[PDB]
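K.L.:
What would the 3D arrangement of this be:
(one chain, ligands or ions: 1)
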Amino acid sequence: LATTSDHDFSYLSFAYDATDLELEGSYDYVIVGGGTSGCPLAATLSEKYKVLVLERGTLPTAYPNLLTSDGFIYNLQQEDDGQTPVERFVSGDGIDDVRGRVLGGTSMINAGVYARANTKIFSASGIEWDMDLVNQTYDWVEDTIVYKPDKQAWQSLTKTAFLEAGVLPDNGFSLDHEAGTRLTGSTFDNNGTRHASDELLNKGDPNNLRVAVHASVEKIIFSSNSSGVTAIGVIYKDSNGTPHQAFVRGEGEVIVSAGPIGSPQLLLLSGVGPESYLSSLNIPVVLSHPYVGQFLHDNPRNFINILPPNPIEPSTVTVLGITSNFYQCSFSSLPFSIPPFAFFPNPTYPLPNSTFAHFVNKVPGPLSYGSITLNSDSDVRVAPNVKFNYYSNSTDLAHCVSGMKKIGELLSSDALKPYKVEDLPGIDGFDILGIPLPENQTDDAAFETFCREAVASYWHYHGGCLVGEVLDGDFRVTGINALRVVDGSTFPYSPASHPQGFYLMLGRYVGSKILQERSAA
Ligand SMILES: Cc1cc2nc3c(=O)[nH]c(=O)nc-3n(C[C@H](O)[C@H](O)[C@H](O)COP(=O)(O)OP(=O)(O)OC[C@H]3O[C@@H](n4cnc5c(N)ncnc54)[C@H](O)[C@@H]3O)c2cc1C
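P.N.:
Residues are numbered from 1 along each chain as shown. There you are, the coordinates:
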């Protein structure tokens with residue numbers, strides 16, 4: 001774990017704008033997307049080789065509101081205009097959602113909840129894992145951007161309700177995703193500074209790394225020979241319009257780390273994708289990869305909003321109610337005078353005028369998947385369509401009912417009694433904002449309805465470029481040399497209640513693997 005301090009911007013000595021980058025240049029590694037996974041992977045690769053991260057968004061400095069936790073709601077409430085750190089999109093489903101557009105990626109705009117993955121993930125996954133490295137990697141991240149949270153009035157009040165509700169055992173303060181109520185790590189220090197993955201660039205090597213911002217990567221270039229396809233570089237546009245080239249050297253590679261939506265998109269626009277689909281759009285086919293854009297997952301978020309009669313303090317989420325089929329936590333916040341996008345599933349949702357609390361549920365997996373589709377010719381700056389097919393698989397919905405039933409109990413416990421508006425028993429007495437639970441806690445066919453109408457995103461989407469589908473165990477795009485994907489898009493199921501821990505890790509992991517195979521060869 002780390003000691004509270006200022007956000008570390010020493011990496012700016014080697015961060016550039018893309019208008020300030022050479023029109024063409026050679027590197028040992030090119031990393032598209034300077035996000036959650038890119039930054040650590042950049043840092044890692046730079047220890048021993050020449051590296052360039054390329055990032056469509058801005059320095060965090062440009063938008064001072066994502067350096068603190070107070071700003072968390074704010075970033076969401078700001079209009080999307082192409083420049084700002086939060087990109088507003090809606091699914092084919094109709095559910096409002098965001099993703100980051102800033103150096104440090106979505107770890108720069110997120111809720112900052114840290115958790116190490118479910119150990120039982122590592123074995124049933126498709127990659128074979130070095131567990132001395134994984135664990136030692138978590139150390140390296142934690143030792144830098146992860147902090148032990150201080151008691152907070154409202155959160156400890158949620159710990160007690162979870163333990164009263166049945167969520168056992170009490171694990172105390174622990175980083176490991178296990179079953180039971182616990183108090184987990186956060187990327188918000190005890191002054192409320194945001195520490196995100198941009199700071200892991202500082203863990204790099206200043207003499208070897210070159211970050212670039214406002215570099216929208218448009219195309220991955222390939223080479224005919226010899227004898228098979230290889231990545232040679234990428235093309236990116238600067239803010240003026242000028243396209244630049246970045247090339248890989250002998251023995252080098254290009255690594256896409258643009259997230260569930262970015263990677264499938266860049267690959268598809270570069271003509272690695274399902275043949276009949278690319279033809280359909282007149283995109284020249286470079287390798288027929290049927291599974292690119294496929295198997296996109298997003299865990300449904302189902303919640304209850306309460307408006308206590310007395311005010312409650314805003315909190316950063318640190319207390320978690322982990323059960324096998326779903327995960328829970330609770331957010332308290334100042335009122336909303338302008339709606340923060342993606343918090344609620346549509347913009348016409350009532351806003352809270354006083355302080356309120358938000359009890360949420362996240363189904364694991366999930367099992368239901370969808371698809372990335374392009375709709376703009378090529379324009380990388382045009383957000384692709386995604387469909388997630390919420391509650392399409394009947395098991396996701398069972399776990400929703402369960403989880404909502406369990407929130408029903410959270411509301412019944414002795415801890416929540418001072419937050420009811422009147423002294424009515426059970427779940428009644430709460431002043432509800434938006435859609436309330438079913439009255440009868442034994443009405444399956446009614447809770448199923450709740451789950452389906454109330455659903456929003458947990459923002460934890462992942463998929464679209466799976467190992468054992470598009471990538472091999474080393475994270476290579478199969479049948480293409482020198483091309484790799486590392487990020488949210490690489491696995492079909494969520495690693496924990498909260499994924500950034502896994503992804504931050506997954507970045508420096510693949511780093512060391514690549515570095516290793518550079519010494520054993
Ligand atoms: C509102 C919100 C809150 C969240 N809160 C939590 C939390 O509390 N705890 C937790 O564990 N997880 C949380 N998450 C999820 C977690 O932060 C993400 O799943 C994690 O960031 C994984 O992202 P990634 O590394 O795959 O890609 P990202 O971190 O999104 O990185 C992708 C980067 O690549 C860039 N990019 C995209 N396309 C291009 C292009 N073609 N050219 C150049 N650059 C490009 C983007 O600008 C972006 O910066 C939250 C997510 C959201 C949306």
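
K.L.:
Please make it C-alpha for all contacts and neighbour counts, starting now.
P.N.:
OK.

K.L.:
buried set for the strand ranked longest in the chain?
P.N.:
Using DSSP state E, we find that the single longest strand of the chain is strand 243-256. Buried residues in strand 243-256, defined by neighbour count with 16 or more other CA atoms under 10 Å: 243-248, 252-256.

K.L.:
From those, pick the one nearest residue 87.
P.N.:
Checking these against residue 87 by CA to CA gives residue 256 as the nearest, at 19.1 Å.

K.L.:
Isn't that closest one up against residue 35?
P.N.:
No. Applying CA atoms under 8 Å, one finds residue 256 not in contact with residue 35, separated by 10.5 Å.

K.L.:
In terms of secondary structure, what does the longest strand of the chain contact?
P.N.:
Secondary-structure packing of strand 243-256 (3 or more CA pairs under 8 Å, 6 or more residues apart in numbering; DSSP states H and E): strand 24-32, strand 230-237, strand 483-485.

K.L.:
Let's have those strands in JSON lines, adding distance to residue 280.
P.N.:
Below are these laid out as JSON lines (distance: least, CA to CA, whole Å):
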{"stretch": "strand 24-32", "distance to residue 280": "26"}
{"stretch": "strand 230-237", "distance to residue 280": "23"}
{"stretch": "strand 483-485", "distance to residue 280": "25"}
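
K.L.:
With respect to burial, which of those strands scores highest?
P.N.:
Among the helices and strands packed on strand 243-256, strand 483-485 has the highest mean neighbour count (mean count of other CA atoms under 10 Å), at a mean of 25.

K.L.:
quick one: secondary structure of the closest residue to residue 376 other than its chain neighbours?
P.N.:
Leaving aside its sequence neighbours, residue 376 sits nearest to residue 382 (CA to CA, 6 or more residues apart in numbering; 6.2 Å). Judged by DSSP: H, G, I helix; E, B strand; the rest coil, the three-state class of residue 382 is coil.

K.L.:
Equivalent analysis for residue 403, please.
P.N.:
helix.

K.L.:
Count the residues that sit near it.
P.N.:
The tally of other residues near residue 403 (other CA atoms under 10 Å) stands at 24.

K.L.:
What's the separation between it and the ligand?
P.N.:
Note on residue 403: its distance to the ligand, by CA to the nearest ligand atom, to the nearest Å, is 19 Å.

K.L.:
And for residue 364?
P.N.:
Taking CA to the nearest ligand atom, one finds residue 364 at 13 Å from the ligand.

K.L.:
Pull up the gap between the residue lying closest to that residue once chain neighbours are set aside and residue 299, please.
P.N.:
Computed as CA to CA, 6+ apart, the closest residue to residue 364 that is not its neighbour in sequence is residue 326, at 5.5 Å. Remark: distance between residue 326 and residue 299 (CA to CA, to the nearest Å) = 10 Å.

K.L.:
So which of these two has more stuff around it?
P.N.:
residue 299 (30 against 24).

K.L.:
Let me know whether the residue nearest to residue 364 touches residue 401 as I believe.
P.N.:
No. Between residue 326 and residue 401 there is no contact under CA under 8 Å: 10.0 Å.

K.L.:
Flag every buried residue along stretch 79-92.
P.N.:
80, 84-91.

K.L.:
ok, back up a step: what about the longest strand of the chain and the ligand, touching?
P.N.:
No. Strand 243-256 stays out of contact with the ligand when judged by CA under 6 Å from any ligand atom, the minimum separation being 8.6 Å.

K.L.:
now do stretch 327-345
P.N.:
No. Using CA under 6 Å from any ligand atom, stretch 327-345 stays clear of the ligand, with a minimum separation of 7.3 Å.

K.L.:
buried set for that stretch?
P.N.:
Per 16+ other CA under 10 Å, stretch 327-345 contains these buried residues: 327-336, 339-345.

K.L.:
Tell me the span between the first and last residue of that stretch.
P.N.:
End-to-end distance (CA to CA), stretch 327-345: 19 Å.

K.L.:
same thing with stretch 269-288?
P.N.:
OK, stretch 269-288 end separation, CA to CA: 13 Å.

K.L.:
What values do phi and psi take at the residue lying farthest from the centre of the chain?
P.N.:
When distances are taken from the C-alpha mean of the chain, residue 423 lies farthest, 40.3 Å away, according to CA atoms, centre = their mean. Backbone geometry at residue 423, expressed as degrees, to the nearest 10, gives phi -80, psi 40.

K.L.:
what's the closest of the helices and strands packed on strand 243-256 to the ligand?
P.N.:
Proximity to the ligand (CA to the nearest ligand atom) singles out strand 24-32 among these, at 5.2 Å.

K.L.:
Can the helix or strand just after that closest one be said to contact the ligand?
P.N.:
Downstream of strand 24-32, the next assigned helix or strand under DSSP states H and E is helix 38-46. No. Judged by CA under 6 Å from any ligand atom, helix 38-46 stays clear of the ligand, getting no closer than 6.6 Å.

K.L.:
which other helices and strands contact helix 38-46?
P.N.:
Looks like helix 38-46 contacts strand 24-32, strand 51-55, strand 209-213, helix 500-516 (3+ CA pairs under 8 Å, 6+ apart).
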